[PDB]
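**Q** Protein chains in written order, with PDB author numbering: chain F, 2 to 230; chain D, 2 to 230; chain E, 6 to 412; chain C, 2 to 397.
Below is a structure I'd like to ask you about.
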Amino acid sequence: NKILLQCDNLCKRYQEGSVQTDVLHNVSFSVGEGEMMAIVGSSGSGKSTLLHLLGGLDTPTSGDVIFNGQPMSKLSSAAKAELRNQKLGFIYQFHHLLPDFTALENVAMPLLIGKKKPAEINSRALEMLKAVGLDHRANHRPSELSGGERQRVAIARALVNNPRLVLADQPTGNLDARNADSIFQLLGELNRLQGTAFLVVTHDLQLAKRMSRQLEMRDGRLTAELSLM
Amino acid sequence: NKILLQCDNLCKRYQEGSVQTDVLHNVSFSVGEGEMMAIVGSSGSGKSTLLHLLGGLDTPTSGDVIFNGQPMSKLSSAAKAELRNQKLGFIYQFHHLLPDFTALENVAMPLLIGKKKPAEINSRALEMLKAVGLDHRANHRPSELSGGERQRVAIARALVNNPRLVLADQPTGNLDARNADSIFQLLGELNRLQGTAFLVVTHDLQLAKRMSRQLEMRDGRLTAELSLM
Amino acid sequence: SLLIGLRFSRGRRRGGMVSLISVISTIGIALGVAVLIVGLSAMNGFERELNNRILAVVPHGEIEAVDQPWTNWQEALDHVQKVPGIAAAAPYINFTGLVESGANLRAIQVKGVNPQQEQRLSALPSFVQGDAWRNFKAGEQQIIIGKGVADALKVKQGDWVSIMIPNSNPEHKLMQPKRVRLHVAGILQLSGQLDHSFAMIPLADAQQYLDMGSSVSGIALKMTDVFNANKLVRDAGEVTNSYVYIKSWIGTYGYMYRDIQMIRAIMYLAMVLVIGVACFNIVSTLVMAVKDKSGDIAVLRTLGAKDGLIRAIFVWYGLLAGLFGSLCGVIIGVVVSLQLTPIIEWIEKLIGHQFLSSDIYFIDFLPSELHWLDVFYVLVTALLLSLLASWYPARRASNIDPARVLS
Amino acid sequence: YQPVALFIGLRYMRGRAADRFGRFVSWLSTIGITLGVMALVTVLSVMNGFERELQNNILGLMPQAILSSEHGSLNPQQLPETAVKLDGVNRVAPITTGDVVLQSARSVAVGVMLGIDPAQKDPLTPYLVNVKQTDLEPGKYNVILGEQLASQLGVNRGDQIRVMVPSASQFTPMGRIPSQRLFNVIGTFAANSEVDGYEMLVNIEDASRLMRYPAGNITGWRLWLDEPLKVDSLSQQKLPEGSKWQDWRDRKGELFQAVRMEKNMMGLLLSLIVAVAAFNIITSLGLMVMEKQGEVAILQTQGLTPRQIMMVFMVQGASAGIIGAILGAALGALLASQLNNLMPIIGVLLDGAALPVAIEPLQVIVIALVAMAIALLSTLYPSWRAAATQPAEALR
Ligand SMILES: Nc1ncnc2c1ncn2[C@@H]1O[C@H](COP(=O)(O)OP(=O)(O)NP(=O)(O)O)[C@@H](O)[C@H]1O
Ligand SMILES: Nc1ncnc2c1ncn2[C@@H]1O[C@H](COP(=O)(O)OP(=O)(O)NP(=O)(O)O)[C@@H](O)[C@H]1O
Ligand SMILES: [Mg+2]
Ligand SMILES: [Mg+2]
């Protein structure tokens, strides 16, 4: 069952004693390969921080996150980079692009850093930008991009290197209904074809309902667990 | 009656020669007192640029944007600052807060710049935060704030001054359903009582149907112009 | 992707019309190395000129072998001249006295240098305006003529001048004060400094006037070091008689020694501060302008052939910036040190004092000479400075969690 | 919430103390200024102290300047001491300066004698021990001898020394006979200095009687000046007929003057170099203000006028400048050399015994004021450029 991610007792209390806030406390995740997961919840419900901790982008105060059996916390820096460039694709809540690199280079950066063949890199980056919807806006710097198309650039960046896990922090916040539906179509297709597991945090209830598994973050707890079959 | 904002012949083409991408072409708005107004459009169609331009924050290549009769382009810096500090309340597409100041101070900067009494400054900032939902969130810096909390702080920042015109770039992009409903409820209350008018860009269809006037901004054109009664 | 896929990121640190912030790093390195070049070359010129005012002329500091009819000085001369630190040794007569000139008396130091050792172990013939070597031959006993005597003497070629010995001997008897018939054998048009405080006397008359035999007065030394000369001369005199001690000579130009030490320490403690300024500018440039770039790069980092790929990117960034700055600054420093501008007043009309030209204008002053070895030292230290000041912020930003991208 | 728009500047200055290291690079802007000020203060203080030491210890024992007679003998009522008018003149006295030769029981040496009036503030009376303060009475023919010269000549008190002056000679068939006289020394004048090896102190009346001068005729008027810098420019002052100006810049001891001119030139060179380094480090804050484009554009969106942004960044720069200046003064005064003498035993060849430091208050104040003025003035073009760009902060 629990294969791709086994997150146990991960508790995140920032600050020191007698004033620590329970932003994350006793989160348990059993994410399988190809599992369609949607995280929903109100505000300050600890959704972005949960993504940062699962991605190993931060250090959890308590508990552990286990990725492919090998824990991420105990792992070496080189193997962390290997996971982040071959298995983990991260979409931030904000754009967090490189403002000095064009959008094409900003989505090819994972490949240019993973030491791939340049002709393959450019071709697959252009294919991904076409799949996301930036055919005419591939050569524009992020400073000459808008919030939605920067978000689409980030989503493409998390899909370029064919990750096994793609953590997404509000990939549809800055997008309309048409582009949101298109991007979830891409996510469903990658789930069907590549087998990539998408662990996405959204606030739109319809988009989360179009996805197989729902988890509700409230008071730093996982409440809603709905299974039909 | 159309008094507040009268935008005509507004165009923006500012880029390197030949590649110069146009984003707007002959856009005209008539916003009056209390006109609860919304702009809907696909990403990259020229919505955030339009508000950054009619708010005076950018320089239009051609056309006139006039606020209460006086054009912004012909106006000096001091009166522009006076308008932005007394009549215009701007919610940026992203957070765009001051990282050096806590939430309460980031909310109260317009009051502090308005040369107001601090005793009522703190009271008004606390009133706006308790209305939005961040009474307990005032002691956190933006670096310790979340995307939804940052957007709510920006919304409070644009609403403390009670401006006549409040421009909003995706005020609920990073917000859940309950917070979006509550914030649009506060928007309606301020419109009904304080008489302030909101020019809000949004992608959620239901929140746009909650709006009194709806225009569709796409490819430098205004397509939909719907009036019920 | 070995050579091209890593300098790409560091080369893309130009941005859109925002390159005017990294240019303060190239200029920061250029100005630093230029002022370092100017300071080091100026200090070296100072040291060279001062060494021409202490040891090159009037060598001060030596063991005064005080003896009656000294004769076996050959053994000590050979044992001391070849010790490490001593360039050469040469005996001279360091007498003092009065010389007759036009029924007047002039008090002068008699420098009985050796004509046989003059060409080899002295720079007297090399410093003259240039004349035939036979003109400085011994035996005929030609002495240099001075302005203070020639003004009222009117002595030319073929004129013989009488010189009477001062007779400053322990004997109460006159003992025939040596009478020297000097002959004018040349003329100089360089300066009167060599014609007022310096004199030359043949060894025969010097030995005859001493009421003794071949009595040597002093055995002077020409050297290259002055800092270690104290203990060196002390040890050289340690092979002499123990009953005859040596009084220290430090106090004569100890204050000039302290002047040298002061200028050296001040230059060093200001130029390491220029070093600190360059490091500060580079760390400020790489801490704020590009830190979230390192954040998300580490979010999507490479395989791991070398753990510091971000460190490598910033090493190439710092190397490029520091190298271009160092080249420009070295060019500027060399061009300004080698010569000043032909016309100084033209540039400095807007001096800010609203005064014509410059009140303190100087011509062929502030001498300076370049040591290209110092240029290589400053180049290497500037490149190491930029490399460290670009690596340490990189290491600080890499090891921190990528959840420092929002703060 | 101070309603003077300096609240945001203060919050920028104290802010972003996040990981115990970000605050260091935040305060780097004033650290550069305080280090530049430390350098300038220590350079000027050491130069001033060493100049004072050289002007006192060496130059107070030898004559500073002399006024003499252009033609013939020197007539005192032409210009007496009370009528001695010159620029920067501090102390006036009569004196005779003479190059003489001394014959002792061991050998013969040369030197200079200074004939003075013992009733004045003689700088050698404290150094005259084992002897009367004015034992060189007029006609007593008593000359006080120093330490180095006596040790070199092997002569003690009570001996007769033959002092001769070459200027007053006479014709003789056996040679030249100058003015020679035997004088008895009663002790030693342990000056504990450098000049005591060739300088002699004599009465003025007996010296005047020695060179066959008429009644009341002295060699010159000695002036102890106040500054050695203006010496070159003050050689064309009001010297009427029957007088001429001489001094230690080129007549005697010219090596000291030459090395002082060279040291001054290199000192101004190093000062210019440190000043341009200080300019390069004010460019650090000039780019630091340009680094906060997002914040200035957000504030300008808040309706804050561009001149008020100029005031905000000028106040930040001025606060950095004043902090840097006061710390530079603190580390140039309290830590000039006052902490274990910089521990000179390390293999860097440091001389801890030589500490010619004199912290001039006027110089440190003017240096700190200029540093503060530059630190505020360097946020005028960056701030106007920041406020000139409209709130187009789309991460350009
Ligand atoms: N210098 C520029 N100024 C304005 N727009 C530009 C500029 N350069 C490029 N553009 C393009 O023109 C579009 C401007 O429209 P914009 O308003 O930014 O889109 P948008 O409405 O923000 N999409 P969304 O993010 O969903 O709101 C951008 O998508 C850019 O691709
Ligand atoms: N280091 C920190 N110090 C203080 N508070 C923090 C810190 N990190 C996070 N928080 C708070 O803890 C909560 C984090 O939850 P988070 O998942 O980021 O909310 P969010 O869902 O991403 N925002 P939104 O979904 O748009 O409503 C927020 O209330 C933050 O203000
Ligand atoms: Mg937008
Ligand atoms: Mg969130």
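Backbone N, C-alpha and C fix where the C-beta goes; we use that ideal spot for every residue, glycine too.
In the stretch 54-87 of chain F, which residues sit with their C-beta less than 9 Å from some C-beta in chain E, listed in chain order?
**A** For the stretch 54-87 of chain F, which is checked against every Cβ of chain E, the residues closer than 9 Å are 54, 56, 57, 58, 59, 60, 77, 78, 79, 80, 81, 82, 83, 85, 86 and 87.
**Q** Suppose you measure from the CA of residue 171 (chain D) to the CA of residue 18 (chain E); what does that come to, to the nearest Å?
**A** 31 Å
**Q** Verify the CB distance criterion: does residue 157 (chain D) have a CB-CB separation below 9 Å to chain C?
**A** no
**Q** Quick check on the burial criterion: 16 or more other C-beta atoms within 10 angstroms. Buried or exposed for residue 252 (chain C)?
**A** exposed
**Q** I'd like to confirm something about residue 94 (chain D): is its beta-carbon nearer than 8 Å to some heavy atom of ligand 4, or not?
**A** no
**Q** Does the CB of residue 15 (chain E) have a neighbour CB from chain C at under 9 Å?
**A** Not one chain C Cβ lies under 9 Å of residue 15 (chain E).
**Q** Using CA coordinates, which residue listed in C:190, C:169 and C:93 is at the minimum distance from residue 131 (chain C)?
**A** C:190
**Q** Chain C beta carbons: is any one of them nearer than 9 Å to that of residue 101 (chain D)?
**A** yes
**Q** Three or more C-beta pairs under 8 Å: does that hold for the stretch 324-339 of chain C against the stretch 28-36 of chain C?
**A** yes
**Q** Below 9 Å between beta carbons: does that hold for residue 133 (chain F) and residue 153 (chain F)?
**A** yes
**Q** Assuming residue 68 (chain D) and residue 6 (chain D) form a contact by the criterion Cβ under 8 Å, report the distance between their Cβ atoms to the nearest whole angstrom.
**A** About 6 Å separates the two Cβ atoms, so the contact holds.
**Q** Evaluate residue 167 (chain E) with the Cβ neighbour count: other Cβ atoms within 10 Å of its Cβ, from every protein chain shown; 16 or more gives buried, anything less gives exposed.
**A** By the 10 Å Cβ count, residue 167 (chain E) comes out exposed.
**Q** Within 9 Å of any Cβ in chain C, is that where the Cβ of residue 129 (chain D) sits?
**A** no
**Q** Please list, in chain order, the residues of the stretch 105-126 of chain D that have any C-beta partner in chain C closer than 7 Å.
**A** 110, 111, 113, 114, 116, 119 and 122
**Q** Name the one or two DSSP bridge partners that residue 72 (chain D) has.
**A** Paired residues: D:67.
**Q** Can you tell me which of the three DSSP states residue 18 (chain E) falls into?
**A** coil
**Q** Quick one: grab the DSSP three-state call for residue 20 (chain D).
**A** coil
**Q** With H, G and I counted as helix, E and B as strand and the rest as coil, what does DSSP make of residue 225 (chain C)?
**A** strand
**Q** Quick one: list the residues of chain D neighbouring residue 171 (chain F), beta-carbon separation under 7 Å, in chain order.
**A** 148 and 175
**Q** Go to residue 207 (chain C), then tell me how far its alpha helix (DSSP H) extends in each direction, as first and last residue.
**A** 205-211
**Q** Identify whether residue 181 (chain E) lies in helix, strand or coil by the three-state DSSP scheme.
**A** coil
**Q** Closest to residue 205 (chain D) by CA distance: which of D:230, D:164 and D:178 is it?
**A** D:178
**Q** Give me the Cα-Cα distance between residue 202 (chain C) and residue 371 (chain E), rounded to the nearest whole angstrom.
**A** 39 Å
**Q** Quick one, are the C-beta atoms of residue 32 (chain D) and residue 11 (chain D) less than 9 Å apart?
**A** no
**Q** Using the C-alpha atoms, what's the distance from residue 143 (chain D) back to residue 101 (chain D)?
**A** 8 Å
**Q** Is the CB of residue 98 (chain F) under 9 Å away from at least one CB in chain E?
**A** Output row for residue 98 (chain F): interface = yes.
**Q** Alpha carbons only, please: which of C:65, C:99, C:286 and C:352 is nearest the one belonging to residue 248 (chain C)?
**A** C:65
**Q** Comparing the C-beta of residue 43 (chain C) with each C-beta of chain E, is any distance below 9 Å?
**A** yes
**Q** Quick one, which of F:193, F:147, F:117 and F:110 has its alpha-carbon nearest residue 95 (chain F)'s?
**A** F:147
**Q** Identify which residue in E:361, E:338 and E:298 has its Cα closest to the Cα of residue 349 (chain E).
**A** Answer by Cα proximity: E:361.
**Q** Does DSSP put residue 37 (chain D) in a helix, in a strand, or in coil?
**A** coil
**Q** Hey, out of D:78, D:71, D:99 and D:46, whose CA is closest to residue 297 (chain C)'s CA?
**A** The option with the nearest alpha carbon to residue 297 (chain C) is D:99.
**Q** Quickly, what does DSSP pair residue 173 (chain C) with across the bridge? List them, please.
**A** Paired residue(s): C:176.
**Q** In its own chain, which residues sit with a C-beta less than 7 Å from the C-beta of residue 213 (chain C), not counting the 5 before and 5 after it?
**A** 169
**Q** At least one CB of chain F closer than 9 Å to the CB of residue 396 (chain C): is that the case?
**A** yes
**Q** Taking CB distances under 9 Å as the criterion, tell me whether residue 6 (chain C) reaches chain D.
**A** yes
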